[PDB]
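A short worksheet on the structure shown next.
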Amino acid sequence: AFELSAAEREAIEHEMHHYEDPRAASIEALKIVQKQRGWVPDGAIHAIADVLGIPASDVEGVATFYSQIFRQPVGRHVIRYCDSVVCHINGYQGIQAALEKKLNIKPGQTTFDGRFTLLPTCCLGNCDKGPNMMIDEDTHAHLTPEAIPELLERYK
Amino acid sequence: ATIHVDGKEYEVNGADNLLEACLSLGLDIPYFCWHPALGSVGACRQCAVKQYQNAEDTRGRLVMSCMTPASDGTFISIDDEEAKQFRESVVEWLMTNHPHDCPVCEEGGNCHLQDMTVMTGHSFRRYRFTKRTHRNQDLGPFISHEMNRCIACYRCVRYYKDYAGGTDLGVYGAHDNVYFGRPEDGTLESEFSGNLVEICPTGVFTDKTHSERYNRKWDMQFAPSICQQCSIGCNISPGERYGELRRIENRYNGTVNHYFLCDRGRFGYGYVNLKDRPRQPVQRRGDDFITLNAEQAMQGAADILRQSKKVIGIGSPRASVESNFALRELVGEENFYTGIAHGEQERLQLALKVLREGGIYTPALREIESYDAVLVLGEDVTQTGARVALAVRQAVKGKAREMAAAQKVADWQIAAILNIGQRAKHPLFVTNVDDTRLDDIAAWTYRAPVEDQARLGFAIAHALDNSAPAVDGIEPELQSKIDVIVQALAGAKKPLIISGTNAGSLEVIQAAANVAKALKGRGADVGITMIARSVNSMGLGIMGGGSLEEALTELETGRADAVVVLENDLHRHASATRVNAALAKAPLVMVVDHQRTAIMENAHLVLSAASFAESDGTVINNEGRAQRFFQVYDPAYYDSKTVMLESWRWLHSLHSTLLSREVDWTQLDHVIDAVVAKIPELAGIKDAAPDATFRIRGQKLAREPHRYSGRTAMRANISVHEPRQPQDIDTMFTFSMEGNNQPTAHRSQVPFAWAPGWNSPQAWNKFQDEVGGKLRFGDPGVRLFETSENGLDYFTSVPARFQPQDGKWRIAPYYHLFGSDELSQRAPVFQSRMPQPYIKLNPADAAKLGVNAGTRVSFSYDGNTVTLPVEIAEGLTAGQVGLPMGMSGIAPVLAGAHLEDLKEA
Amino acid sequence: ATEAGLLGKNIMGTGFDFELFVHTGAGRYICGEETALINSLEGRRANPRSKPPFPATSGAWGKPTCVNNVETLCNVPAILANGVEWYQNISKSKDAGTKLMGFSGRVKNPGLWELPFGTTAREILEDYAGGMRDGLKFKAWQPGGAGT
Ligand SMILES: Cc1cc2nc3c(=O)[nH]c(=O)nc-3n(C[C@H](O)[C@H](O)[C@H](O)COP(=O)(O)O)c2cc1C
Ligand code: SF4
Ligand code: SF4
Ligand code: SF4
Ligand code: FES
Ligand code: FES
Ligand SMILES: [Ca+2]
């Protein structure tokens, strides 16, 4: 039983004002629902489809095509560490090992208290300051395996 | 254009891409993602050829033949070593994740992926890693889903969304986890979802009704038949094994139903395999139902008919032309009655008169897709003539086709065409009592009663041509919509007007004829399409006869002491109480039928007739084209006690035994000659198919493939001695593999498509002159009439607007593709798909009666009170109650009738 | 820029109306391909499109569409402000103008500098990135990212 809030619907319609086709606001509508709720539940696909006037299959295909639209529940904070080539040269693997040691989870999983979800991501465009991670909206650079426990404690 | 493939020069069409041009020349290029009806996208990367810049060139470049135009002076190579290596590599990449599933997969022996794996020459596996795995979904009762076998060729999404207009099937996921299916478990909502089993080159989408009793393609006995579930007349290949109808495949007809059927025709065949069907003639003596063979039944029926003073015959639009004519010959021309009611017959004859006397060219089903504006009046096309609705969708996308052609974009580059024509589409204006399934693409929809839709049509015809009768009492908003429709239709180069007899109103057909005449008077290239109800409704209209009410009057008055009912249940065209009383008053009722109907409880004699799978005959579809359907199998081959003959054979033998006291069964060509000799209107049915003496270099046409198996064991449980091969004296086909089914054979009737190396439905490419075009030697079927030199006059009978009277309820017809056709509800797979029997109520009327959604209300029609649950219909106009036509207890004759004492029970 | 008259309607009184929007993506690398960029802008799955037709003829929503990088549109104002003759005389090479170059990965100064075309890769590594780090010996290099 999913319903769209008034703020979500107003933001979606304001995004629909920017384009000559209402279909072009599907990614931003999914991102609005994700920002308000953490992830995009199953009923949100049909709600966004009904608001936008496009089929629910198109909304589901868009939501499952893009990696940063979550169709599965996540924790209250999303750690996204870079596993691309320059951070592999700069040694992201120690960062990933420290994250797995502290959080006691594998990448793609959520902690038992729902606090952190660990995810690998593509290159963040911060390769000169690698290795890089991005917690919910802040990108942290110059990472060391000893700074991970201190850095993770500031995200309650 | 001039192309050079492997050093050999060919002349092709320059507007075609290289793949379809080379496949039309007989050259073999493997392909997955391309379809002739869907265009080229360049997805599967299988069709790679090597193109050279000029005549002298050794390097070349691997190009995509489906994405490359066959321009003049092209130089390509198929058998180049690099091209062959890359095509084998593409097959190998597809086979890295493919499950080891061919023995337990329903596409085995019919699989395009199997054919192209073998044809590229890939048989050695060096991949040693894991294969990706997908969970499956429940797609309903008709389509079985197995996503492991997918090759991500995108044919399903392209067909179902871009072509068929469906909204519930899509592609999800990412890099190599792409999932093709519905967003959640549920039935596929489209009326053309059954074509996925032929569109999918793998076994992801499979025929589940076929999968229940599965047999491979080489084990089938095929025949070229006509679908018997509505009036469109789509060409089908019924395939049989072990004495039961196993599958309906799409048989290619480049004029009617080229690659696609609808779900009613593809999954509604299950009434043939019903176990309560009559297999022997049965005579009712007191309370006993004794069983006769054919000769004693003929002798007894002839004796009783000879003692009678007047025998009348009630035909049906279910039966073929030959069966109706044989009944007419048995009972006499003046004693022959068509099985439909007076109003249904009047609407049918008016639609026939408009078609063959209105001077406006009625198009074929393929020709519908080239019209520039479509006006559907009164008819719910998606639920009655669904393939016409699909062709209307293609005609609507014609505007995007024209917009892309104006920018010099090739017609096979479907993605560029859809990108250029974003949402611009040809005008579609649909009128109905409620919303239709064409409303997502319609330029406008009119939800109004049939009188108001007729008035809208008359007003459109008057605004187009001032000599047409005018309509007074039009609201300014409705007048604005009327002039929008008129401005859209007048600016169209090829307008098309679609109506039919399913609206239950003569005035809707008259208004559509007026619109077509007004568009013809302005010099437009107007076409008109009329949708009939049953498979041979046009044939029964052309042959003609009295109505069912006159036959019931003759039975009630005692002037007729013998009634012969041919392939009719008599309850869809008249009230059940009146039919039961008239049949009980008749001292002889004789029912010639292949389905156990309710009028056999009072029938003195029952003849076990044959269905379309066990009979030969001719049917006339909605466009007036005569089409022959052939017998699939001998019902007496397995059960030797089964005496089930053709209806025309039964009635001709009865006529012979009544006249000369001797039994002569017939040959089919004798009945065809009798029809074309006595009825000059049906004289064109002779050219529908060649006679039984037609041969291809001296040999007959094979019904079953050459690798048909089990010949010495499939009947061994009955007797170890192999029986005689069944003889087909009626037609040119043989009930064996000892025949001709060559793609180059000079014939038009193709029972099934198979070429060496092409075991899938892609062998139809080998069976066509050009791929996606017509058959090589023309399509089967001949139009019975040409367009008239002169048209009709304007119909001045403009009805008044609908007035909701107190205490009465106008019955608005609601049609369903699963449930309205008579024979399709008998198929047990349809009961999971047919909707629950409802009654549609307007919110104001439901609030006036104090009934919510779902509560039961009881109404009395013809002194018979039945109860139905209420569904709230927003688009239904007040004063109307909506009834599902053709369901159990609700005859289709109830459309437009008034309903009394509709009250909550 | 909108509140100061550089954007919106009637920019600098010339009557040219231009509206600028920012469309944040949803994390997929293929979206940088310009036809897949158009498909993602239209709210579809970011599958690319077959060319021809190019986006300049029928691109976003079937209209003429030009897709250009950030750095190209950042090079444009200097060309329009200082002229063509200045921009053609920055470097004596076939590729005109300046490019943002830079070395990354276990070097002394991993960063990003603006250099004229024709600058050799050893100068970017040694004179700008400071060479390789202590205890590390140079083995290989990729000139233009992960796809080179
Ligand atoms: C797989 C792929 C990814 C690409 N990603 C980007 C990108 O992220 N940013 C970008 O500016 N160009 C990207 N491009 C290049 C574009 O296709 C296009 O050349 C460019 O965006 C605009 O052209 P320009 O160099 O003239 O400005 C990508 C190309 C490909 C094939
Ligand atoms: S889809 Fe084709 S290749 Fe795959 S298991 Fe079925 S028959 Fe075999
Ligand atoms: S499900 Fe079938 S039609 Fe669809 S992409 Fe896969 S193989 Fe092609
Ligand atoms: S449109 Fe009519 S004739 Fe064609 S497949 Fe469907 S039911 Fe049969
Ligand atoms: S490689 Fe990790 S930020 Fe670019
Ligand atoms: S058929 Fe040409 S790439 Fe698929
Ligand atoms: Ca026969």
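Chain labels follow the order of the structure tokens: the first chain is A, the next B, and so on; residue numbering restarts at 1 in every chain, and ligands are counted from 1 in their shown order.
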Using 7 Å as the limit and counting only C-alpha atoms, can you tabulate each residue of chain C that touches chain A, with its shortest atom-to-atom distance in Å and the two atoms involved, as CSV?
```
residue,atom,partner,partner_atom,distance
C:26,CA,A:68,CA,5.0
C:27,CA,A:68,CA,5.1
C:28,CA,A:66,CA,5.9
C:41,CA,A:24,CA,6.1
C:42,CA,A:24,CA,4.2
C:43,CA,A:24,CA,3.9
C:44,CA,A:62,CA,6.1
C:45,CA,A:62,CA,5.4
C:104,CA,A:128,CA,5.4
C:105,CA,A:86,CA,5.9
C:106,CA,A:90,CA,6.6
C:110,CA,A:128,CA,4.9
C:111,CA,A:128,CA,5.4
```
What does the file look like for those residues with C-alpha atoms, as a PDB file, in the first residue's frame?
```pdb
ATOM      1  CA  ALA C  26      21.555   8.222 -11.716  1.00  0.00           C
ATOM      2  CA  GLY C  27      24.923   6.511 -11.942  1.00  0.00           C
ATOM      3  CA  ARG C  28      25.638   4.684 -15.194  1.00  0.00           C
ATOM      4  CA  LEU C  41      17.592  12.702 -21.010  1.00  0.00           C
ATOM      5  CA  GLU C  42      14.299  11.446 -22.477  1.00  0.00           C
ATOM      6  CA  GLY C  43      13.786   9.266 -19.395  1.00  0.00           C
ATOM      7  CA  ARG C  44      14.517   5.921 -21.059  1.00  0.00           C
ATOM      8  CA  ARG C  45      17.126   3.230 -20.571  1.00  0.00           C
ATOM      9  CA  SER C 104      47.592  10.318 -11.916  1.00  0.00           C
ATOM     10  CA  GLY C 105      48.610   7.305  -9.869  1.00  0.00           C
ATOM     11  CA  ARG C 106      51.584   6.968  -7.493  1.00  0.00           C
ATOM     12  CA  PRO C 110      49.026  13.836  -8.966  1.00  0.00           C
ATOM     13  CA  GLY C 111      46.988  16.657 -10.415  1.00  0.00           C
TER      14      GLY C 111
END
```
Could I get the residue neighbourhood of ligand 1 at 8 Å, counting only C-alpha atoms and all ligand atoms, as a PDB file with N, CA, C and O atoms, in the first residue's frame?
```pdb
ATOM      1  N   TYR C  29      27.686   4.470 -16.483  1.00  0.00           N
ATOM      2  CA  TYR C  29      28.796   4.963 -17.295  1.00  0.00           C
ATOM      3  C   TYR C  29      28.400   5.158 -18.751  1.00  0.00           C
ATOM      4  O   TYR C  29      28.919   6.062 -19.415  1.00  0.00           O
ATOM      5  N   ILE C  30      27.488   4.328 -19.263  1.00  0.00           N
ATOM      6  CA  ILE C  30      27.093   4.406 -20.664  1.00  0.00           C
ATOM      7  C   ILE C  30      26.319   5.687 -20.967  1.00  0.00           C
ATOM      8  O   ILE C  30      26.211   6.077 -22.133  1.00  0.00           O
ATOM      9  N   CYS C  31      25.826   6.385 -19.938  1.00  0.00           N
ATOM     10  CA  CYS C  31      25.105   7.640 -20.131  1.00  0.00           C
ATOM     11  C   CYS C  31      25.972   8.742 -20.726  1.00  0.00           C
ATOM     12  O   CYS C  31      25.432   9.742 -21.203  1.00  0.00           O
ATOM     13  N   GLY C  32      27.297   8.604 -20.687  1.00  0.00           N
ATOM     14  CA  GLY C  32      28.151   9.602 -21.300  1.00  0.00           C
ATOM     15  C   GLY C  32      28.180   9.546 -22.813  1.00  0.00           C
ATOM     16  O   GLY C  32      28.512  10.552 -23.448  1.00  0.00           O
ATOM     17  N   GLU C  33      27.865   8.391 -23.398  1.00  0.00           N
ATOM     18  CA  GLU C  33      27.676   8.294 -24.841  1.00  0.00           C
ATOM     19  C   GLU C  33      26.517   9.186 -25.257  1.00  0.00           C
ATOM     20  O   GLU C  33      25.450   9.145 -24.642  1.00  0.00           O
ATOM     21  N   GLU C  34      26.726   9.984 -26.312  1.00  0.00           N
ATOM     22  CA  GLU C  34      25.838  11.117 -26.568  1.00  0.00           C
ATOM     23  C   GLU C  34      24.435  10.668 -26.974  1.00  0.00           C
ATOM     24  O   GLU C  34      23.449  11.319 -26.616  1.00  0.00           O
ATOM     25  N   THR C  35      24.316   9.549 -27.691  1.00  0.00           N
ATOM     26  CA  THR C  35      22.990   9.045 -28.023  1.00  0.00           C
ATOM     27  C   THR C  35      22.354   8.376 -26.814  1.00  0.00           C
ATOM     28  O   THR C  35      21.148   8.509 -26.581  1.00  0.00           O
ATOM     29  N   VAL C  67      25.415  17.728 -28.757  1.00  0.00           N
ATOM     30  CA  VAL C  67      26.009  17.285 -27.501  1.00  0.00           C
ATOM     31  C   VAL C  67      27.488  17.637 -27.516  1.00  0.00           C
ATOM     32  O   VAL C  67      28.207  17.282 -28.457  1.00  0.00           O
ATOM     33  N   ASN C  68      27.947  18.332 -26.477  1.00  0.00           N
ATOM     34  CA  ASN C  68      29.337  18.758 -26.406  1.00  0.00           C
ATOM     35  C   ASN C  68      29.851  18.619 -24.982  1.00  0.00           C
ATOM     36  O   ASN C  68      29.089  18.716 -24.021  1.00  0.00           O
ATOM     37  N   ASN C  69      31.158  18.401 -24.857  1.00  0.00           N
ATOM     38  CA  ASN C  69      31.790  18.224 -23.559  1.00  0.00           C
ATOM     39  C   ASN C  69      31.850  19.554 -22.804  1.00  0.00           C
ATOM     40  O   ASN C  69      31.646  20.632 -23.367  1.00  0.00           O
ATOM     41  N   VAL C  70      32.122  19.458 -21.498  1.00  0.00           N
ATOM     42  CA  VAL C  70      32.284  20.642 -20.657  1.00  0.00           C
ATOM     43  C   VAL C  70      33.478  21.469 -21.114  1.00  0.00           C
ATOM     44  O   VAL C  70      33.408  22.701 -21.179  1.00  0.00           O
ATOM     45  N   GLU C  71      34.591  20.807 -21.434  1.00  0.00           N
ATOM     46  CA  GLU C  71      35.818  21.535 -21.739  1.00  0.00           C
ATOM     47  C   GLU C  71      35.748  22.231 -23.094  1.00  0.00           C
ATOM     48  O   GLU C  71      36.355  23.292 -23.271  1.00  0.00           O
ATOM     49  N   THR C  72      35.008  21.669 -24.050  1.00  0.00           N
ATOM     50  CA  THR C  72      34.807  22.345 -25.329  1.00  0.00           C
ATOM     51  C   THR C  72      34.018  23.639 -25.149  1.00  0.00           C
ATOM     52  O   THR C  72      34.407  24.703 -25.655  1.00  0.00           O
ATOM     53  N   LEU C  73      32.914  23.571 -24.404  1.00  0.00           N
ATOM     54  CA  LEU C  73      32.136  24.764 -24.113  1.00  0.00           C
ATOM     55  C   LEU C  73      32.845  25.705 -23.151  1.00  0.00           C
ATOM     56  O   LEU C  73      32.424  26.855 -23.025  1.00  0.00           O
TER      57      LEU C  73
END
```
TODO: Tell me, as a ChimeraX atom specification, which residues lie within 9 Å of residue 530 of chain B, counting only C-alpha atoms; anything in the same chain fewer than 3 positions away does not count.
DONE: /B:351-352,354-355,362,379,497-501,509,622-623
Would you put the residues from that selection into a file with N, CA and C atoms, as an mmCIF file, in the first residue's frame?
```
data_model
loop_
_atom_site.group_PDB
_atom_site.id
_atom_site.type_symbol
_atom_site.label_atom_id
_atom_site.label_comp_id
_atom_site.auth_asym_id
_atom_site.auth_seq_id
_atom_site.Cartn_x
_atom_site.Cartn_y
_atom_site.Cartn_z
ATOM 1 N N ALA B 351 -24.734 -4.408 -43.777
ATOM 2 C CA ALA B 351 -23.279 -4.331 -43.889
ATOM 3 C C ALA B 351 -22.791 -4.972 -45.182
ATOM 4 N N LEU B 352 -23.411 -6.086 -45.575
ATOM 5 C CA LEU B 352 -23.093 -6.726 -46.847
ATOM 6 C C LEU B 352 -23.427 -5.825 -48.030
ATOM 7 N N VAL B 354 -23.591 -2.526 -48.001
ATOM 8 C CA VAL B 354 -22.615 -1.440 -48.000
ATOM 9 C C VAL B 354 -21.286 -1.914 -48.580
ATOM 10 N N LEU B 355 -20.881 -3.144 -48.255
ATOM 11 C CA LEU B 355 -19.597 -3.652 -48.730
ATOM 12 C C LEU B 355 -19.601 -3.895 -50.236
ATOM 13 N N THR B 362 -13.414 -2.045 -49.982
ATOM 14 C CA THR B 362 -13.126 -2.605 -48.670
ATOM 15 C C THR B 362 -11.720 -3.198 -48.657
ATOM 16 N N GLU B 379 -18.168 -0.141 -33.174
ATOM 17 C CA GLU B 379 -17.571 -1.459 -33.027
ATOM 18 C C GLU B 379 -16.440 -1.423 -32.009
ATOM 19 N N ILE B 497 -12.981 3.953 -42.599
ATOM 20 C CA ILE B 497 -14.138 3.937 -41.711
ATOM 21 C C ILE B 497 -14.426 2.488 -41.355
ATOM 22 N N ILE B 498 -14.426 2.181 -40.063
ATOM 23 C CA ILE B 498 -14.594 0.819 -39.574
ATOM 24 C C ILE B 498 -15.843 0.768 -38.709
ATOM 25 N N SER B 499 -16.776 -0.106 -39.070
ATOM 26 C CA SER B 499 -17.977 -0.333 -38.280
ATOM 27 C C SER B 499 -18.250 -1.830 -38.274
ATOM 28 N N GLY B 500 -19.444 -2.215 -37.846
ATOM 29 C CA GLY B 500 -19.782 -3.624 -37.846
ATOM 30 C C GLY B 500 -21.137 -3.862 -37.227
ATOM 31 N N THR B 501 -21.499 -5.139 -37.171
ATOM 32 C CA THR B 501 -22.794 -5.571 -36.668
ATOM 33 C C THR B 501 -22.798 -5.822 -35.167
ATOM 34 N N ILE B 509 -24.269 1.489 -38.678
ATOM 35 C CA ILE B 509 -23.814 1.054 -39.995
ATOM 36 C C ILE B 509 -24.237 2.053 -41.065
ATOM 37 N N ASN B 622 -14.755 -11.195 -43.181
ATOM 38 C CA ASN B 622 -15.442 -9.909 -43.118
ATOM 39 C C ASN B 622 -15.203 -9.035 -44.343
ATOM 40 N N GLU B 623 -14.109 -9.238 -45.069
ATOM 41 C CA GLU B 623 -13.832 -8.454 -46.263
ATOM 42 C C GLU B 623 -14.379 -9.095 -47.530
#
```
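With only C-alpha atoms taken into account, the protein and nucleic acid residues at most 12 Å from residue 724 of chain B (excluding it and anything under 5 positions from it in its own chain) are residues 634, 636, 637, 638, 640, 711, 712, 715, 735 and 736 of chain B.
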Kindly save the residues from that selection, with N, CA, C and O atoms included, as a compact mmCIF listing (two decimals), in the first residue's frame.
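File written: result37.txt
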```
# COMPACT_ATOMS: atom_id res chain seq x y z
N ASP B 634 -7.75 -37.53 -39.57
CA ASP B 634 -8.88 -38.44 -39.63
C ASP B 634 -9.28 -38.83 -38.21
O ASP B 634 -8.47 -39.45 -37.50
N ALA B 636 -11.32 -41.11 -37.29
CA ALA B 636 -11.51 -42.55 -37.20
C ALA B 636 -10.22 -43.33 -37.33
O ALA B 636 -10.26 -44.57 -37.34
N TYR B 637 -9.08 -42.65 -37.44
CA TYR B 637 -7.80 -43.34 -37.55
C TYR B 637 -7.44 -44.04 -36.25
O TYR B 637 -7.00 -45.20 -36.26
N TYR B 638 -7.63 -43.37 -35.12
CA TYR B 638 -7.28 -43.94 -33.83
C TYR B 638 -8.44 -44.72 -33.23
O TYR B 638 -8.28 -45.88 -32.84
N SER B 640 -11.61 -46.44 -34.24
CA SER B 640 -12.31 -46.91 -35.43
C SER B 640 -13.82 -46.88 -35.27
O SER B 640 -14.54 -46.94 -36.28
N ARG B 711 5.34 -44.28 -36.75
CA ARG B 711 4.32 -44.78 -37.67
C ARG B 711 3.93 -46.22 -37.37
O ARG B 711 2.79 -46.61 -37.63
N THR B 712 4.85 -47.02 -36.84
CA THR B 712 4.57 -48.42 -36.54
C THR B 712 4.37 -48.68 -35.05
O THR B 712 4.35 -49.84 -34.63
N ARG B 715 -0.24 -46.50 -32.98
CA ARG B 715 -1.50 -47.21 -32.86
C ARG B 715 -1.31 -48.65 -32.41
O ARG B 715 -2.26 -49.44 -32.48
N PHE B 735 -2.86 -37.53 -46.03
CA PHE B 735 -2.66 -37.73 -44.60
C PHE B 735 -1.38 -38.51 -44.32
O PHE B 735 -1.41 -39.51 -43.60
N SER B 736 -0.27 -38.04 -44.87
CA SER B 736 1.02 -38.71 -44.74
C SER B 736 2.10 -37.71 -45.10
O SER B 736 1.83 -36.58 -45.52
```
Dump as a PDB file with N, CA and C atoms, in the first residue's frame the residues of chain C that approach chain B to within 12 Å, counting only C-alpha atoms.
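Wrote it out as result24.pdb, contents follow:
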```
ATOM      1  N   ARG C  28      25.343   5.708 -14.201  1.00  0.00           N
ATOM      2  CA  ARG C  28      25.638   4.684 -15.194  1.00  0.00           C
ATOM      3  C   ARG C  28      26.642   5.249 -16.188  1.00  0.00           C
ATOM      4  N   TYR C  29      27.686   4.470 -16.483  1.00  0.00           N
ATOM      5  CA  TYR C  29      28.796   4.963 -17.295  1.00  0.00           C
ATOM      6  C   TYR C  29      28.400   5.158 -18.751  1.00  0.00           C
ATOM      7  N   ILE C  30      27.488   4.328 -19.263  1.00  0.00           N
ATOM      8  CA  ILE C  30      27.093   4.406 -20.664  1.00  0.00           C
ATOM      9  C   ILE C  30      26.319   5.687 -20.967  1.00  0.00           C
ATOM     10  N   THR C  35      24.316   9.549 -27.691  1.00  0.00           N
ATOM     11  CA  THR C  35      22.990   9.045 -28.023  1.00  0.00           C
ATOM     12  C   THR C  35      22.354   8.376 -26.814  1.00  0.00           C
ATOM     13  N   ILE C  38      21.193  11.217 -24.784  1.00  0.00           N
ATOM     14  CA  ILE C  38      19.887  11.683 -25.236  1.00  0.00           C
ATOM     15  C   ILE C  38      18.785  10.755 -24.741  1.00  0.00           C
ATOM     16  N   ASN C  39      19.015   9.440 -24.824  1.00  0.00           N
ATOM     17  CA  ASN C  39      18.033   8.466 -24.356  1.00  0.00           C
ATOM     18  C   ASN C  39      17.794   8.588 -22.857  1.00  0.00           C
ATOM     19  N   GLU C  42      15.703  11.706 -22.193  1.00  0.00           N
ATOM     20  CA  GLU C  42      14.299  11.446 -22.477  1.00  0.00           C
ATOM     21  C   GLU C  42      13.637  10.548 -21.442  1.00  0.00           C
ATOM     22  N   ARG C  44      14.516   7.309 -20.632  1.00  0.00           N
ATOM     23  CA  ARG C  44      14.517   5.921 -21.059  1.00  0.00           C
ATOM     24  C   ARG C  44      15.778   5.234 -20.549  1.00  0.00           C
ATOM     25  N   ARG C  45      15.882   3.938 -20.825  1.00  0.00           N
ATOM     26  CA  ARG C  45      17.126   3.230 -20.571  1.00  0.00           C
ATOM     27  C   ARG C  45      18.205   3.749 -21.509  1.00  0.00           C
ATOM     28  N   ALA C  46      19.407   3.950 -20.972  1.00  0.00           N
ATOM     29  CA  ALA C  46      20.468   4.641 -21.702  1.00  0.00           C
ATOM     30  C   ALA C  46      21.185   3.701 -22.676  1.00  0.00           C
ATOM     31  N   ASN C  47      20.404   3.103 -23.559  1.00  0.00           N
ATOM     32  CA  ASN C  47      20.984   2.408 -24.694  1.00  0.00           C
ATOM     33  C   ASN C  47      21.306   3.415 -25.794  1.00  0.00           C
ATOM     34  N   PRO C  48      22.475   3.312 -26.419  1.00  0.00           N
ATOM     35  CA  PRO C  48      22.819   4.235 -27.507  1.00  0.00           C
ATOM     36  C   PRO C  48      21.949   4.011 -28.736  1.00  0.00           C
ATOM     37  N   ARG C  49      22.118   4.907 -29.702  1.00  0.00           N
ATOM     38  CA  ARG C  49      21.351   4.892 -30.936  1.00  0.00           C
ATOM     39  C   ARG C  49      22.280   4.726 -32.129  1.00  0.00           C
ATOM     40  N   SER C  50      21.773   4.060 -33.161  1.00  0.00           N
ATOM     41  CA  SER C  50      22.552   3.849 -34.371  1.00  0.00           C
ATOM     42  C   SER C  50      22.635   5.139 -35.175  1.00  0.00           C
ATOM     43  N   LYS C  51      23.841   5.475 -35.621  1.00  0.00           N
ATOM     44  CA  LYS C  51      24.090   6.663 -36.411  1.00  0.00           C
ATOM     45  C   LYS C  51      24.678   6.258 -37.756  1.00  0.00           C
ATOM     46  N   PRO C  52      24.201   6.816 -38.883  1.00  0.00           N
ATOM     47  CA  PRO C  52      23.187   7.860 -39.091  1.00  0.00           C
ATOM     48  C   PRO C  52      21.753   7.388 -38.828  1.00  0.00           C
ATOM     49  N   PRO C  53      20.838   8.305 -38.463  1.00  0.00           N
ATOM     50  CA  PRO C  53      20.989   9.758 -38.320  1.00  0.00           C
ATOM     51  C   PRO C  53      21.713  10.198 -37.053  1.00  0.00           C
ATOM     52  N   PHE C  54      22.509  11.245 -37.194  1.00  0.00           N
ATOM     53  CA  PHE C  54      23.246  11.819 -36.088  1.00  0.00           C
ATOM     54  C   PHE C  54      22.326  12.698 -35.246  1.00  0.00           C
ATOM     55  N   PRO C  55      22.699  12.972 -33.989  1.00  0.00           N
ATOM     56  CA  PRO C  55      21.857  13.836 -33.145  1.00  0.00           C
ATOM     57  C   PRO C  55      21.665  15.245 -33.672  1.00  0.00           C
ATOM     58  N   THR C  57      20.786  16.148 -36.582  1.00  0.00           N
ATOM     59  CA  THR C  57      19.608  16.172 -37.439  1.00  0.00           C
ATOM     60  C   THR C  57      18.345  15.814 -36.662  1.00  0.00           C
ATOM     61  N   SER C  58      18.370  14.696 -35.939  1.00  0.00           N
ATOM     62  CA  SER C  58      17.250  14.279 -35.095  1.00  0.00           C
ATOM     63  C   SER C  58      17.841  13.697 -33.816  1.00  0.00           C
ATOM     64  N   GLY C  59      17.881  14.508 -32.763  1.00  0.00           N
ATOM     65  CA  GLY C  59      18.475  14.090 -31.512  1.00  0.00           C
ATOM     66  C   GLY C  59      17.481  13.970 -30.379  1.00  0.00           C
ATOM     67  N   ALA C  60      17.515  14.923 -29.450  1.00  0.00           N
ATOM     68  CA  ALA C  60      16.641  14.879 -28.286  1.00  0.00           C
ATOM     69  C   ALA C  60      15.211  15.201 -28.694  1.00  0.00           C
ATOM     70  N   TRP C  61      14.314  14.235 -28.481  1.00  0.00           N
ATOM     71  CA  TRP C  61      12.896  14.321 -28.843  1.00  0.00           C
ATOM     72  C   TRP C  61      12.698  14.588 -30.332  1.00  0.00           C
ATOM     73  N   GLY C  62      13.604  14.081 -31.165  1.00  0.00           N
ATOM     74  CA  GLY C  62      13.488  14.211 -32.600  1.00  0.00           C
ATOM     75  C   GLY C  62      13.937  15.537 -33.168  1.00  0.00           C
ATOM     76  N   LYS C  63      14.376  16.460 -32.336  1.00  0.00           N
ATOM     77  CA  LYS C  63      14.790  17.792 -32.732  1.00  0.00           C
ATOM     78  C   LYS C  63      16.294  17.841 -32.942  1.00  0.00           C
ATOM     79  N   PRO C  64      16.788  18.827 -33.692  1.00  0.00           N
ATOM     80  CA  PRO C  64      18.242  19.030 -33.785  1.00  0.00           C
ATOM     81  C   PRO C  64      18.869  19.286 -32.422  1.00  0.00           C
TER      82      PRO C  64
END
```
- [ ] Find the residues in chain B near chain A: any atom within 10 Å counts, using only C-alpha atoms. Write them as JSON, numbers by chain.
- [x] {"B": [161, 166, 167, 168, 169, 170, 171, 172, 173, 174, 175, 177, 178, 179, 180, 181, 182, 183, 184, 422, 423]}
